[PDB]
Ligand SMILES: [Zn+2]
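Protein chains in written order, with the deposited numbering: chain A, 767 to 814, 836 to 844, 880 to 917; chain B, 24 to 234, 244 to 310; chain C, 320 to 462.
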């Protein structure tokens with residue numbers, strides 16, 4: 767907040783950063799084969836098609887509000903069981 | 024070396040001695056000194072400001088008699104506690120401020136002698152109770168011109184000191200100068216007692232001696257007839273038609289608060305018999 | 320084992336390096352606008368603004384460019400931009416937890432220069448950015 771009074775107080779907000787991304791990882795490094803989508807626009811996705840595309844966990883960047891508008895892959899081999907409404911970690915099942 | 028925003032804590036006695044010494048210093052632009060303590064680079068508290076004798080030649084450093092200082096401060100040695108002379112002051116007692124040539128007479132002398140060497144410009148005119156009319160600065164070296172003159176580690180106070188949009192001849196002389204912050208430090212034991220002795224002296228009545245009660249109401253019913261008919265004659269001529277004209281002349285008639293407060297005074301001062309008596 | 324799991328969960332490396340992996344694979348930023356404001360040279364606090372603006376897009380990327388492409392504008396300001404410039408190495412390489420200490424094995428506070436004590440202050444400041452919010456055994460060694 768008050769940063770004139772000591773100029774290196776201007777660094778501390780950089781320590782308050784969380785990446786807007788999701789972890790659908792099952793085993794600690796085991797990369798999935800999961801690419802599920804959202805029913806949104808491509809331009810709401812566009813950050814300087837209608838469906839969203841994941842990246843098989880590194881995690882994938884997203885709007886925080888673009889996580890309550892997804893749809894689970896009912897045709898995937900690896901289906902998540904814990905509901906993923908927002909970023910963080912959930913469990914997946916190796917089926 | 025490195026530069027950080029210098030702060031002038033003032034003794035309030037210094038404020039009093041500046042106003043008094045420049046008040047007596049009627050137009051003739053007196054000289055006096057500043058006698059203080061070296062705490063650091065970025066602050067200074069001044070603790071004592073005394074008087075210097077009037078010289079009618081020209082406001083100079085050569086009028087500063089050092090044995091006058093020796094004798095006066097010698098009397099002040101066992102009296103309280105002496106310190107270093109840390110500066111000086113001249114006066115422009117009618118107009119606001121400017122950076123004098125007296126500055127470039129004595130400022131090199133006192134930055135040779137002393138280190139902080141704060142110039143001080145004063146005026147008493149601009150108010151009587153609510154302003155900070157004194158002004159203070161400090162000469163800059165010519166040797167720092169290789170450095171670009173924009174570091175400052177706490178730029179709130181330069182965002183408060185540049186903020187008054189500096190007036191005329193200061194930034195007529197931004198060169199050979201660099202400004203300095205002057206707050207009024209914590210002086211609350213005096214602040215509360217002059218508040219007391221301002222609404223106990225500087226507002227009349229020493230409170231045993233107020234409780244004019246009647247002849248003021250003779251004059252006030254003169255008021256409350258003479259003001260009243262003029263409050264009557266005007267709003268007859270308000271917009272009694274259906275015009276959409278939009279150009280007012282403004283006089284704001286109303287005359288309410290005179291009636292209100294004066295007659296609260298009249299009723300609670302007619303109370304004085306039943307109040308002070310039984 | 321779950322014995323090895325309770326060894327490793329309070330360490331907590333995997334979130335840090337997935338963050339690091341995410342940012343080194345996800346540099347969806349721009350250096351052109353950084354040039355369009357890099358050109359705006361003034362001796363004041365603007366140096367800190369530039370290095371913190373590219374630290375914001377490299378805190379956890381292990382990647383520097385304005386600690387690389389210059390030394391004169393890098394050493395233009397004095398005694399505070401040096402604090403901030405060696406602090407930006409700790410901001411950018413926050414999320415490089417164990418290995419950033421040997422990344423600053425060259426940049427110890429007393430290796431580079433005993434002239435600026437703020438340079439050697441920003442050094443251990445950056446080691447506090449190495450141990451930002453989740454330290455380890457070297458909390459006590461910084462102590
Ligand atoms: Zn004067």
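Even for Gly, the Cβ is constructed at its ideal location relative to N, Cα and C.
- Contact with chain C is found for residue 776 of chain A, since one of that chain's Cβ atoms lies less than 9 Å from the residue's Cβ.
- Taking 8 Å as the cut-off, the C-beta of residue 52 of chain B counts as close to a heavy atom of ligand 1.
- For residue 190 of chain B, the nearest beta carbon of chain A is not closer than 9 Å to its own beta carbon.
- Unbroken beta strand (DSSP E) stretches of 3 residues or longer found wholly inside the stretch 72-132 of chain B: 107-112, given in chain order.
- Residue pairing by DSSP places residue 267 of chain B in no beta bridge whatsoever.
- With a cut-off of 8 Å on Cβ pairs, the stretch 55-75 of chain B is in contact with the stretch 26-35 of chain B, counting three or more such pairs.
- Here the alpha carbon of residue 880 of chain A sits roughly 6 Å from the alpha carbon of residue 341 of chain C.
- In this structure, C:375 is the residue among C:404, C:375, C:444 with its C-alpha nearest to the C-alpha of residue 348 of chain C.
- For residue 915 of chain A, the three-state secondary structure derived from DSSP is strand.
- Distance from the CA atom of residue 79 of chain B to the CA atom of residue 51 of chain B, rounded to whole angstroms, is 8 Å.
- Residue 787 of chain A is bridged by DSSP to A:883.
- Using a cutoff of 8 Å, the CB of residue 113 of chain B counts as near ligand 1, since one of the ligand's heavy atoms is closer than that.
- When Cβ-Cβ separations below 9 Å define contact, residue 399 of chain C makes contact with chain B.
- Interface flag for residue 389 of chain C against chain B is unset, since no Cβ pair is found closer than 9 Å.
- Residues of chain B whose Cβ lies closer than 7 Å to the Cβ of residue 361 of chain C are, in chain order, 173.
- Straight-line spacing of the CA atoms in residue 165 of chain B and residue 224 of chain B works out to 52 Å.
- The C-alpha of residue 462 of chain C is placed about 17 Å away from the C-alpha of residue 419 of chain C.
- The stretch 283-298 of chain B makes contact with the stretch 248-268 of chain B, as at least three CB pairs between them are under 8 Å.
- Every alpha helix (DSSP H) of 4 residues or more that sits fully in the stretch 349-398 of chain C is shown, in chain order, as 351-357, 365-375.
- The beta-carbon separation of residue 427 of chain C and residue 442 of chain C, rounded to 7 Å, stays under the 8 Å limit for a contact.
- Here residue 68 of chain B carries a strand assignment [DSSP, helix/strand/coil].
- Under the Cβ criterion (8 Å, minimum of three pairs), the stretch 55-62 of chain B counts as touching the stretch 97-111 of chain B.
- Within the same chain, and ignoring the five residues on either side of residue 132 of chain B in sequence, the residues whose Cβ sits closer than 7 Å to its Cβ are 84.
- Residue contact with chain C for residue 787 of chain A: present (Cβ-Cβ distance below 9 Å to some residue of chain C).
- When the beta-carbon positions are compared, residue 157 of chain B and residue 141 of chain B stay at least 9 Å from each other.
- Between ligand 1 and the CB of residue 83 of chain B, the shortest heavy atom gap is not smaller than 8 Å.
- Any Cβ of chain B closer than 9 Å to the Cβ of residue 396 of chain C would place that residue at the interface, and such an atom is present.
- Taken through DSSP and simplified to helix, strand or coil, residue 901 of chain A comes out as strand.
- Residue 30 of chain B carries a strand assignment under DSSP once its states are collapsed to helix, strand and coil.
- Residue contact with chain C for residue 25 of chain B: present (Cβ-Cβ distance below 9 Å to some residue of chain C).
- Contact between residue 885 of chain A and residue 786 of chain A holds: CB atoms are separated by about 7 Å, below the 8 Å threshold.
- Remark: the shortest separation between the CB of residue 307 of chain B and any heavy atom of ligand 1 does not fall under 8 Å.
- With distances taken between CA atoms, residue 454 of chain C lies nearest to C:413 out of C:406, C:353, C:413, C:433.
- Look at residue 153 of chain B here: in three-state DSSP terms it is coil, with no helix or strand label.
- Shortest Cα-Cα distance from residue 844 of chain A to any of A:903, A:800, A:838 involves A:800.
- Counting only Cβ-Cβ distances below 7 Å, residue 176 of chain B has contacts in chain A at 773, in chain order.
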